[PDB]
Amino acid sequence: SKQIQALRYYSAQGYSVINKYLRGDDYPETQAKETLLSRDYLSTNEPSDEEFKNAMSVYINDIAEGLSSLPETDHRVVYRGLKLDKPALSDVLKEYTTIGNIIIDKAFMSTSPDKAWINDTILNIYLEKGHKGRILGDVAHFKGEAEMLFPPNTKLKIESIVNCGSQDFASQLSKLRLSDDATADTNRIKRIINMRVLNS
């Protein structure tokens, strides 16, 4: 389907424009327009803001529909590594480290069912039956590491935050499967955040 093809492109390269665009961050505007022209969402090479915005919507919607069309799986937890201790993210860090808080992730959300990629923040994300996440499998561009992707606007409850340097943290970390790639170092981990996707 054209929608699965759009999701393949998202995976390969489109995520680099679309997630910033959906978060409201500065994004590469010329690159977005070229992608829309290239994939025929735009015919004018000088779209109005309206035409551009509408075209981006169809393109994002195509990616989400392709995602939605993939088979569901029985996964009940997934993992995501984030770098949250950058100064420019101090607000985002506050949101994610407020116990009980409810966060709406505006971009597509990339997670792994298999392992957490080590970063200052490890997200331990519990899922309830019927959630919108989908295993990409061979739709993914680079394969051989599993990926469960979620469409825009996933709602996450912050259940508990576990800072480094305690037995609790040590135990919880030991129960995660962590990436053991060329630069893996668990001593870089500042926190675990236990979260839950709120469906519906």
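Counting begins at 1, following the sequence as shown.
Comparing 55-63 with 42-50, the stretch with the higher mean C-alpha B-factor in the PDB entry is 42-50. Per the PDB record, residue ranking by Cα B-factor puts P151 in the lowest third of the chain. For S90, the recorded CA B-factor ranks within the highest third of the chain. Only modelled residues enter the ranking. Remark: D138 belongs to the middle third of its chain, ranked by C-alpha B-factor as recorded. Remark: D105 belongs to the lowest third of its chain, ranked by C-alpha B-factor as recorded. Residue-level temperature factors show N119 in the highest third of its chain, judged at the C-alpha atom.
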